[PDB]
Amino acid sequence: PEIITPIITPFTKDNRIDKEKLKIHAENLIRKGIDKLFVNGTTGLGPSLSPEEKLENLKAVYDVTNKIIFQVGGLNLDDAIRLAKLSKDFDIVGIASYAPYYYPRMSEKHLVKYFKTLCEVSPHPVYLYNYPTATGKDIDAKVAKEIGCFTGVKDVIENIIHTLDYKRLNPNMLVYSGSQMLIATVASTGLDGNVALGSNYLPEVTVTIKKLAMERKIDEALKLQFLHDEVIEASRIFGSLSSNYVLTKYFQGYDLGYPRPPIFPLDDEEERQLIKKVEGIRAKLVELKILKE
């Protein structure tokens, strides 16, 4: 079982990547037991980044670790190809792409051709990043088998049978769930792990749930799952992708800068309200010895 963090991209006030804060964050995640870092995913505002910026993020995290999956996709296939080729000089886990987003009613043949083109140019294993609520497209287990060249899939969906279908139809594929329900996906149900959307700000909780689940301490894991879920709900009040910055600073104790507008930062009042909603959870996690005081 592995935990993959879709790592946040810190931006400066000038709306450029803050490489030093990114390095600090990646170092903390690896130190806290995260297995692999997924760079330029939704949580990292991948679609908001130019190709150059996607490459910047890779370079900053690569200084720290090579346990990286490098998301390269976009609506200009030539740029995705150029990022795939540029990744050759990095001894990472793989590259990845979401399906082409925005445009409705794209044919299956064109979607398959997009992914097969990336596979044909990739110097690394290729991972499917399936995120239907954001892309409008589902690249399901059958289409993945037709594409035929994925080493793995990250299925960011709450429909857990949909994720298991990949393993059934592609027994050699590494299959990761992005379900919020870590207990039922990270270990012992047929999958290889979880792409954990809350692991940026509470990697200790994610990692401990994984351990407890592997030990079958389900009641103990549930208690932590529920605290995790309360933080997720609180993060949705003002926008989860923006709230992730405030929560990482609060729980992990270092600043992660700003998101990129139109993913606007929480304003002062929103930040204080969000902290009020989670300060009792922090206290409980300290009592449980999950977090340090």
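Start at 1 with the first residue shown and count on from there.
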* Structure fact -> Looking only at C-alpha temperature factors in the entry, 45-53 or 228-236, the higher average sits in 228-236
* **Stretch with the greater mean C-alpha B-factor as recorded in the entry, comparing 217-225 against 87-95** => 217-225
* From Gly193, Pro203, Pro100, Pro132, which pick has the Cα B-factor that tops the rest in the entry? -> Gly193
* Asked: Out of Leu111, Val143, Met173, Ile81, which shows the largest CA B-factor listed in the entry?
  -> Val143
* Would the CA B-factor of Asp155 place it in the lowest, middle or highest third of its chain? -> lowest
* Structure fact -> Temperature factor at the Cα of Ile30, chain-ranked in thirds, falls in the highest
* Rank-wise, by C-alpha B-factor, drop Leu169 into the lowest, middle or highest third of its chain. => middle
* Mind checking which third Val61 falls in for C-alpha B-factor across the chain? -> lowest
* To do: Check where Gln71 lands among this chain's C-alpha B-factors and tell me if it's the lowest, middle or highest third.
  => lowest
